[PDB]
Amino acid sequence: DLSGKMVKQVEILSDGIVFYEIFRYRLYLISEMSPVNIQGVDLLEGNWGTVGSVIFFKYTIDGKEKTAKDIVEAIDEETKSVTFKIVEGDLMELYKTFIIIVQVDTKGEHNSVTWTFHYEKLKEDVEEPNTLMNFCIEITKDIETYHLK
């Protein structure tokens, strides 16, 4: 079974509405808020915050520069969810397919962000994407603590 899944939910200090705003409509702000991790988010096709938009990421993992091109496969405004499909990039040297879902819970008094990965490894030997999940969690923490009082 080359297929895998990972799920991590974290509680956040900041407004879930703003977190989803960023992930849906203003993804480029992550370069500002997590500049060690994300160097560029560049829209290639479509419009920010729409299904089918195509986005290019310049990012760094363990000090090494990587790129990905993703398509926004799905949006659910009611559940504050967005689904990214990796279509090109460094990850495709390890994974045949890779999808990342970000979903924000803005009830009740606590807000949280859940990251879900669905992937298929090219080979049985390929590592599970723990390092990427740590990355996504770090980005989350960088957003929630950006320019705090």
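The first residue of the sequence shown is number 1, and the count goes up from there.
Could you check the entry and say whether 96-104 or 116-124 has the higher mean CA B-factor? On average, C-alpha B-factors are higher across 116-124.
Entry-level comparison of average CA B-factors, 2-10 and 139-147, reporting the higher stretch: Going by the record's values, the stretch with the higher mean is 2-10.
Check the PDB entry and point out which of 70, 45, 62, 32 has the largest C-alpha temperature factor. Of the options given, 62 has the highest CA B-factor in the PDB entry.
Taking the chain's C-alpha temperature factors as the reference, tell me which third residue 53 falls into: lowest, middle or highest. Lowest third of the chain for residue 53's C-alpha B-factor.
Within this chain's modelled residues, let me know which third the CA B factor of residue 27 belongs to: lowest, middle or highest. As the PDB entry reports it, the C-alpha B-factor of residue 27 lands in the lowest third of its chain.
Taking the chain's C-alpha temperature factors as the reference, tell me which third residue 38 falls into: lowest, middle or highest. Ranked within chain, residue 38 CA B lands in the lowest tercile.
So where's residue 82 on the chain's Cα temperature factor ranking, which third? Residue 82: CA B-factor falls in the lowest third of its chain.
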